[PDB]
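Observations on chain architecture
What follows is each chain in one-letter form.
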Amino acid sequence: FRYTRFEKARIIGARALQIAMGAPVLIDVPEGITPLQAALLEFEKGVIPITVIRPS
Amino acid sequence: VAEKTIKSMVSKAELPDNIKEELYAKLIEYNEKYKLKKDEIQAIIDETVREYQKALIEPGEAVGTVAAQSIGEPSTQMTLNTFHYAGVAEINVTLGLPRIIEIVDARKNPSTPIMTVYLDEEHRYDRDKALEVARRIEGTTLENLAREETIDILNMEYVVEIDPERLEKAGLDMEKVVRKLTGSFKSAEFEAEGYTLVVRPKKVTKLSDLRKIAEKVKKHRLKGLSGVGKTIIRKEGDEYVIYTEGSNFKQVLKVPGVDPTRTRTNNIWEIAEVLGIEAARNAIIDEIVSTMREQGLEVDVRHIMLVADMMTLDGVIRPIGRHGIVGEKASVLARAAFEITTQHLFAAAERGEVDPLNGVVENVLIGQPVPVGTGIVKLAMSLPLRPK
Amino acid sequence: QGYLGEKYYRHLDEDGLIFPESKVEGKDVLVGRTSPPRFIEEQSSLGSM
Amino acid sequence: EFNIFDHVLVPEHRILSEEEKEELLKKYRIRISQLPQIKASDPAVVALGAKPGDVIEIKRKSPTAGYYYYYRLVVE
Amino acid sequence: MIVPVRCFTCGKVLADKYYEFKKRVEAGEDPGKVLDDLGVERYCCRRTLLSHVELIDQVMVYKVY
Amino acid sequence: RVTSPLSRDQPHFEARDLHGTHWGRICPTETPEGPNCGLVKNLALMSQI
Amino acid sequence: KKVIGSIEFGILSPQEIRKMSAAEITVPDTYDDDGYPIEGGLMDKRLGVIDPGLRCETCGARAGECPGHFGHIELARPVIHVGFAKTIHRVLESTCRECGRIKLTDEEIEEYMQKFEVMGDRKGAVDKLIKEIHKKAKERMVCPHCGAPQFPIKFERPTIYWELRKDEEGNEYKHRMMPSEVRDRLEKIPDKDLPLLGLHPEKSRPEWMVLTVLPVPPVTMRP
Amino acid sequence: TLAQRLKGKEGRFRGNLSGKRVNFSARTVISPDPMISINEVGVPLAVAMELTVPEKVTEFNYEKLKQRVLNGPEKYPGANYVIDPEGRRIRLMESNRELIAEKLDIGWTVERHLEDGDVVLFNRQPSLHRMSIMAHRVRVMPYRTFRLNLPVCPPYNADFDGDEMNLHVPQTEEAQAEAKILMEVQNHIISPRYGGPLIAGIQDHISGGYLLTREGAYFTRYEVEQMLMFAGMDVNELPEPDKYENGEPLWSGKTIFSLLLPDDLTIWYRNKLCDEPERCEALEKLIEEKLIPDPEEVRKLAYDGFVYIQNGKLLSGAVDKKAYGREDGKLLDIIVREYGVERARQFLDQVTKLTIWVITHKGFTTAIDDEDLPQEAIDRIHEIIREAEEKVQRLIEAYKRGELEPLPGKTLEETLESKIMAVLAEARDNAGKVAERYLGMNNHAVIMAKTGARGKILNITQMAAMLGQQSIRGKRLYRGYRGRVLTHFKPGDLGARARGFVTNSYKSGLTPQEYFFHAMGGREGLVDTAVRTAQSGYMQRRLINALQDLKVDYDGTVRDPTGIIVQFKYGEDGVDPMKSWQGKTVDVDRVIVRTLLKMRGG
Amino acid sequence: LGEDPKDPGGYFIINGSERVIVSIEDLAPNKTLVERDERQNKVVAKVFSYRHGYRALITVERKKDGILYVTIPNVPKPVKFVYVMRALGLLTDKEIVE
Amino acid sequence: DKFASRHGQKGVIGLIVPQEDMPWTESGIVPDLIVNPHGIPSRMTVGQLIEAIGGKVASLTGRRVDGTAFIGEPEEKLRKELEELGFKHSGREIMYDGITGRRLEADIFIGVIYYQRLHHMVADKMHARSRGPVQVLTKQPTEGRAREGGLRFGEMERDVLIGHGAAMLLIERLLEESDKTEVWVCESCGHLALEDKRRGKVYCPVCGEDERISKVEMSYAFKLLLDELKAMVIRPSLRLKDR
Amino acid sequence: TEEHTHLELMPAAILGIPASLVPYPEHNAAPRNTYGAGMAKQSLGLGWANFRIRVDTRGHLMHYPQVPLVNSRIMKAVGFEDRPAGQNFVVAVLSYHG
Ligand SMILES: [Mg+2]
Ligand SMILES: [Zn+2]
Ligand SMILES: [Zn+2]
Ligand SMILES: [Zn+2]
Ligand SMILES: [Zn+2]
């Protein structure tokens, strides 16, 4: 069910915009990180809530 | 370990892999004889399925933009080549960048036609029998059987001159000198050294108008079939090829000795009328491939088979600009920024016309995400959203 | 009206000419020019009178 | 004596049956008008039984896939 | 443009040994022995005595602040 | 300089060459590069008009 | 917060130019001169603001956030639009005058109604269909409803029109066509003939091609 | 008027609507450095303080951006424009920031300077292909030039003689994560036009790598330990085992190169330096029958033109432009298809700094004596030029007395010119073989030509030999006076020496007819640069604007905007040309050998 | 006078910015030319001619039917030779011979 | 700062290394411009190498060597006068590196070449633009540095982003750094509405409605594209759609 | 011999005035000279003595210009060795740290 390269770069993009407008963060803290880099670390552990739709 | 054991291990495994793949993988496994036995046979097939699964295209790609840039970059480094080729048969076939424009734009005329002629199974190895085929293909008039014209006094009016060796080295058949009288007007008969003196012994109908007979029989002579240009013979692959000049397809294929099933051509519009559209598909593909290899630098044939299978989209081949595919069906705003003509074209669809969406030049014009790329995916998400 | 700024005129003399050998830098002025009114009665846009 | 076939450029054509039109139509979820249209000229179609308003399958070969199908229509 | 008071590669003063150099080359003496007679050893000292313009005379006379 | 009145952009393959009469009147080397490349040319250093 | 679905084109009716426009301009003057650039015409007669004066068409509208507005000119004489003139010529030489018909037989009426829905998708295939209608209406002089009422031969090249009419027996005088004579003929065509051409009865009337009222572009497009 | 306002090559579809002028950019000159990574970039510190990103302080950078607004817009960690949630921006410059560095009220949006980590883009402007825009990773260094890693300069097609590169920062948080994931440098190491690698080694990286793997490259103990610290890598005290203690305890050149490769490579191929195919054969023969021999005994029968690596240990070979390079190198190629991508950005980052170390502290000068031939080789050349001119003088006499011997295609005037050029060609090729045979492969002018880094084997024998003939678009030089090109030649002459044929080197001086013949052939090269570029630019606009509509759907189908299917099962199904190998598909052949070796070897 | 002697001169000082005429290369006025052969038609012979201003092409072409065109500057409409050559100054066919 | 020879070896200052870390020679010589060796036997510039020895002969002898074309100082007489003044016949000398210090096992070539500085200096090229003054008619930036304007992004730069797949970036670059305008548009007429302040109420002229009306968010250059089509008799009916 | 009709002057003056600045211009390639004669027209250098009393829009001045070593004998007799442009570096040919 592996994501492509176009879907992986949209899921990060939508999650980095919620994480700036509120949307409380998971365990991602240390010391100062730009909101884009917070989405990369949450995606590394595989705890993204957003799922894709597969049109068929 | 033997044949049955492998074949039926590939047949079962097959379903994710491909058909071409199947034959290839089998024919090497069997071939290799320092042989591997049972367990490593299953390891190879279960590794070959992962690379095919890794190398499929990602859905949403932008194929049409990366086809036009990777075919338009090598045309800037499309410099000169060795114009002093060390060949004989092929001569002056417009090498280089102006060939690439002549194949993309349809252009009914194209300059320097050279049609490859292949020989059959009975005229393959015979040296002198290949010459008589070139006799039948070439064809010569009377005006090129001279070198200049010296005027006579009263009624002979014309003379033939150096040289006579176009009928003793190729064999253009002096029996045809007798034949000249075929449906002609006056046809005088005087052959001293094999050349016909033509007197015009009449009156007011013909008075001094030599110039009107210069388009008739003096030019209408067709000493051989397939009234086209010059023929050169080359030795390739132990067959003789006859790289002629010009393009007269449906006459040339009905010649006793040319192999009809293999003669490829450097013309485009004629292979569609004679061999069909899907042969002219492969005419476009095979011709741009031969231009790229002459210049050293390679382009992949996924990009060529996207242009060629899009330029024959409506049964007759189209050009690429201002009268073809851009001028053909699209959004009406897509035709506005190309072919600066617009008061011809934008005021044409001023009368009774809607325009929906779904180009690439339109959504950028209005402020929307274009359909290609990342504006193709659609998300969905529920909302307790506990942190944990 | 149309003042460029202030403390850019620290190099001009009285008559409006920079006395030489001064480290002019950035957007510093060179000659202070006053222009004449230029249409006192064209617009009358509620405060220009 | 020869024909348009038996040639290294022309791939072989064949005219479909009545049940295969809808079978091809549901796999690709298209409409019948959305197919690339051979003309009734151009001798490849005229030696087969060409009827305008029909789907014709071609079986052309490519050096990087094997064999590869490509469906077309017939308009006058 | 008066002679440079250092060289450009070898740090060594030269401007004291130029006006003594040029007044002994307009007598006809060869410069290969004049530059050797002074304290010029390498050829990085010597490419900047042997090629210079001393154009200060023309510019000075025009007189403008 | 000796310039030549033509079009700067369209190719003139027979008017941008170097002809045998240019020997000693026109310099073989000095030509600025760009779209010109052989429509502006310089007189030689031994010539007379 | 909506978005644009589809854009549909057409021709502005002269009725709609008056309702869209806010002022008529009758003063051929711009400034006159070097002071007080205010007129009753082409400048801000409640037409559009480019100055720091707040006077507009009752809506405040200083130069930041002010859409310009359109004026109109009641042209005293009818005027041919330029871009249509090659395609007005296609209409005039393919219609039976004084009644409004199409110069076709009843066979092609019932046939070419039915041929529209068959080729209802592709653009390039229906564009050739509208040229052959221009071909068949040219080479006829006998209409089924008026008894061949002496059809004149039209003319073009580039913009001035004529007719080749006979008066006594066989004269070939070039009667110049007037623009007022054309627009009176176009109003007599019934709306049912517009699907037989490439026209639409609600968006593109053919008599609206002749400029009776010229609209004026706004101030915000003319700095 | 309106029709000139709508149109005219700069109107209001292309000039101002679909192409606009932008904000947040810069443009300056470029200058190399091979000390930053492959995907970084220098930014001058003046440009870094005049471009800003918006930052939107949430909860975990609040300690950072309190300091960025307390510091003013002068000291490099600083801010310019703060933004309240209403929308009223507050410029920071004037006279206090403490009253703005109060409770900062989570939700605001601060604009600060660029720092080490913010994604930028880059551009070259002629924008020919897909790959001349690539998102880098800003690093800030004080001077006034954009810096750029040396291996990333065949994508941009640049050089360093004062060019101009422009970056422009993206701002909104959705448009920034698209640049980092989809456009970074390491995703573009191979190219979609031919599969082969594009971002690879250049001029010094090749000819340095030949000096490391020559037979006879013995480095001492200090030189090994110094260069492993300089080329990034981190290994502990295992340079072992001091292979030749005969003079001193010193290593070989292969084992310093065999620390960069992963631990289970197995590749064998033949490269450009092969001058004796028989001594490769023997090595190959053993390999094909006895799949895993011992690395000690038989393998010290090795050559310098047969690369063979097993188990991450280069036993036999010599690295040239078949292991890197702008064209095919099948050792960077087989490391992007087997060991991800992020490994191959640190194979190319450690090769580059190792190779420039050894080419620095070993010397690679090239003085004037490198072009020199001894006396007896020069007299070999002059007897070639004498008889080749005599053969030309004989063939004119056959045409002059009526012994034509004609070709079938051409006329008698055109047969003469045909035959002559072949004689002249052969003469220049025969003399090129004399020089190449003589001067050894031990000067630093053929090392650059055999391996290949800015050289050919033409312009090193066009510098101590002839310069061949001197033609102009296929014709021999004919423009000039009435039957004579220059006014130093007797008219009515078709000799070799009198119609464009030079016979002196670039060392033995050109005489003024030969020099003036060479300017005629030189101006023909400069016209065809500016002419050919403008025809390809207009030819690209046709093909992009006719083909830019096409996508690929999920079921593998390329479709036009009207829904007409153009090609089923994309591109004769279905493998991406970026990842196919040389036209073909899955590459069973390499797979079989690789998988068997790993299993059997263990 | 405030100059240097090495300045060669040859440039105007219109308005305070030194402006120089760069020599435009003509195409040999009051000559005649014999143009080349076989590009589309038979041989042609083009020329230029000017006095006190206006310059114009005056060519005497011929194609492959013996038309022998003559080109006029104003209102181009290429005219046959024996139309112009009779109408210009000579009426007798014997006068055209000499 | 771009330097060049008079032979055509143009280039840019690479870095600015101190005098101490210079590869220096078995005399008092410390070189200045360390030229790349990969450019001389690739561009065929042998006149560089004759001039480099001719500076070393004509600096030690004393007399400036004549070097005119076709009649100048010959090749062989330089390499003999260098061979009798105390140096090897081909320039090559023993050189020591300055970082560690050991003879480089080659003989590094060295001479005197006349270079010349050019005025493509960096302080006349480098500029940055955050947000400057724009055009009055379009709200787009100006042209040239004398009128404070940036770069222009042609039709090439739109296609090099579609090749990636960037649709989010392609919006953000081209329109967000441009004019955006909010416009009131009617529903059943398709034409634009007209606001009227001091009296609230908005109404479509054409058929006079009161509340059924919406808002469309589109760029201003598209709004000016409507008016150049509105001045001409074309009517652009808008038929908008929900999200 | 007794066949000729004229005799050249010095033939080292075929080329122009900024193409006689390149020393030994018979050894280089042909496109390298074209770039070389296109950069004697752009270098910095003290050209005239009256740069102080002059108002030109932008001027340049190089503090320590030097008369070149080995050059043509033409550039002594035009004046270039009296108002020269450029300095004399001391180069080496080796590949440094990258
Ligand atoms: Mg450059
Ligand atoms: Zn020194
Ligand atoms: Zn208003
Ligand atoms: Zn009727
Ligand atoms: Zn309404």
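Its PDB header attributes the entry to cryo-EM and lists the resolution as 3.9 Å.

Residue and element names in this part refer to chain B. What the domain assignment reports for chain B is domain 1 (1-331) and domain 2 (332-377). The straight-line distance from the C-alpha centre of domain 1 to that of domain 2 is 40 Å. Of the roughly 790 Å² buried between domain 1 and domain 2 on both sides combined, carbon and sulfur atoms contribute 57%. On the domain 1 side of the interface with domain 2, the three residues burying the most area are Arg322, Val326 and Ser331, jointly 65% of the side's total. Linking domain 1 to domain 2 there are 0 salt bridges.

With that out of the way, let us pick up the packing of helix 4 (residues 63-72) of chain B against helix 13 (residues 301-311) of chain B. All names here are of chain B. Close contact between helix 4 and helix 13 brings their axes to 10 Å; oriented N to C, the two are set at 110°. Here helix 4 lies roughly perpendicular to helix 13, going by the angle between them. Where helix 4 crosses over helix 13, the handedness of that crossing is left-handed. Facing helix 4, whose interface residues are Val63, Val66, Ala67 and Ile71, helix 13 presents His303, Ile304 and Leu306.

On inspection of all chains with the given rule, the structure shows 19 aromatic pairs over all chains. Seen from their ring centres, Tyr18(E) and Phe21(E) are 6.1 Å apart, and the 45° between their planes marks the pair as tilted. Using a relative accessible area of 4% as the deciding quantity, one classes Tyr18(E) as buried. On the basis of relative accessible area, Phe21(E) is assigned to the buried category, the value being 7%. Ring geometry for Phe155(G) against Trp162(G): centres 6.0 Å apart, planes inclined by 55°, an arrangement best described as tilted. Clustering of aromatic rings is evident, with ring pairs tying together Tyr28(D), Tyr70(D), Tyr71(D) and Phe568(H). The cationic tip of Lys108(B) hangs over the ring face of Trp269(B); the distance from NZ or CZ to the ring centre is 4.8 Å.

Our next topic: the pairing of strand 9 (residues 213-219) of chain J. Residues and elements named next belong to chain J. With 5 of 7 residues buried, strand 9 lies mostly within the body of the structure. As paired elements, strand 8 (residues 180-186) and strand 9 share 7 bridges and run antiparallel to each other. When the bridges of strand 9 are listed, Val183 appears paired with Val216.

Residues and elements named next belong to chain G. Here the zinc ion (ligand 3) is held by the protein donor atoms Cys56 (SG) and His69 (NE2), which lie 2.2 to 2.5 Å from it. Placement of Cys56 in the loop between strand 2 (23-24) and strand 3 (71-80) and of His69 in the loop between strand 2 and strand 3 is noted, with a sequence separation of 13 residues between them. Judged by its relative accessible area of 6%, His69 falls in the buried class.

Attention now goes to the sheet that holds strand 10 (residues 266-270) of chain H. Residue and element names in this part refer to chain H. Strand order in the open sheet formed by 3 strands is 10-11-12, with antiparallel pairing between adjacent strands. Single-partner strands in this sheet number two, and they are strand 10 and strand 12 (314-316). For this sheet, the mean inter-axis angle between neighbouring strands, taken without regard to orientation, is 20°. Sheet analysis places strand 10 next to strand 11 (residues 306-310), joined by 5 bridges and oriented antiparallel. Considered in strand 11, the bridge of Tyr269 is made with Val307. On the sheet, helix 7 (residues 278-289) packs against strand 10, strand 11 and strand 12 and is oriented at approximately 30° with respect to strand 11.

The next subject is the sheet that holds strand 4 (residues 52-54) of chain H. Residues and elements named next belong to chain H. Strand order across the open sheet formed by 4 strands is 4-7-5-6, with antiparallel pairing between neighbours. The open sheet has two free edges, formed respectively by strand 4 and strand 6 (89-91), since each of these has just one partner strand. Between one strand axis and the next, the sheet turns through 20° on average, direction left out of account. Bridge analysis of strand 5 (residues 79-83) against strand 6 gives 3 bridges, and the strand direction is antiparallel. Counted as the bridge partner of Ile83 is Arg89 from strand 6.

All right, on to the interface of chain H and chain J then. Listed as interface residues are 86 residues of chain H and, on the opposing side, 73 residues of chain J. Considering only the side of chain H, the residues that lose the most area to chain J are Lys20(H), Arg21(H) and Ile368(H), jointly responsible for 11% of the buried surface there. One can count 6 salt bridges joining chain H with chain J. In this structure, the salt-bridge partner of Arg92(J) is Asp369(H), at a minimum N-O distance of 3.5 Å. At the surface where chain H touches chain J, the tally comes to 23 residue pairs in polar contact. Contributing elements (two or more residues each) for the side of chain H that touches chain J: helix 1 (2-6), strand 1 (25-27), helix 3 (173-182), helix 4 (203-212), helix 5 (221-230) and helix 13 (512-547) of chain H. Of the residues forming the side of chain H that touches chain J, the biggest block, 5 residues, is contributed by helix 13 of chain H.

Attention now moves to the nonpolar core. One finds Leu51(H), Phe122(H), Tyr156(H), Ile309(H), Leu331(H) and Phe347(H) to be the most contacted residues of the largest nonpolar core, which totals 71 residues. If you tally residues by element for this core, the top one is helix 9 (residues 344-360) of chain H, at 7 residues. Contact partners of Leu51(H), with chain neighbours within four places excluded, come to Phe24(H), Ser25(H), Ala26(H), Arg112(H), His113(H), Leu114(H), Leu167(H), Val169(H) and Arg129(J). Counting 37 residues, the second largest nonpolar core, distinct from the first, contains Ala308(B), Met311(B), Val552(H) and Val566(H).

Rules and cut-offs
Residues numbered from 1 in each chain as written, not as in the entry; some residues may be left out. Chains lettered and ligands numbered in written order. Part of a larger assembly, values for the part shown. Heavy atoms only, no water. Domains from an automatic or database assignment. Buried area = accessible area lost by both parts, 1.4 Å probe. Salt bridge = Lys/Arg side-chain N within 4 Å of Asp/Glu carboxyl O. Axes fitted to C-alpha atoms, helices over the stretch in contact; angles between N-to-C directions. Helix = DSSP H or I, 4+ residues; strand = E, 2+ residues; numbered from the N terminus. Parallel < 35°, antiparallel > 145°, perpendicular 65-115°, else oblique. Left-handed = near helix turned anticlockwise from the far one by under 90°. Contact = heavy atoms within 4.5 Å. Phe/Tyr/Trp six-rings, centres within 6.5 Å; stacked < 30°, edge-to-face > 60°. Buried < 20%, exposed > 50% of the residue type's maximum accessible area, 1.4 Å probe, protein only. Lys NZ or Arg CZ within 6 Å of the ring centre and 35° of its normal. Pairing = 2+ DSSP bridges. Donors = N, O, S within 2.8 Å, 3.2 Å for Na, K, Ca; no water. Polar contact = N/O pair within 3.5 Å; in protein donor to acceptor, adjacent residues only side chain to side chain. Core = buried A, V, L, I, M, F, W, Y, C linked by side-chain atoms within 4.5 Å.

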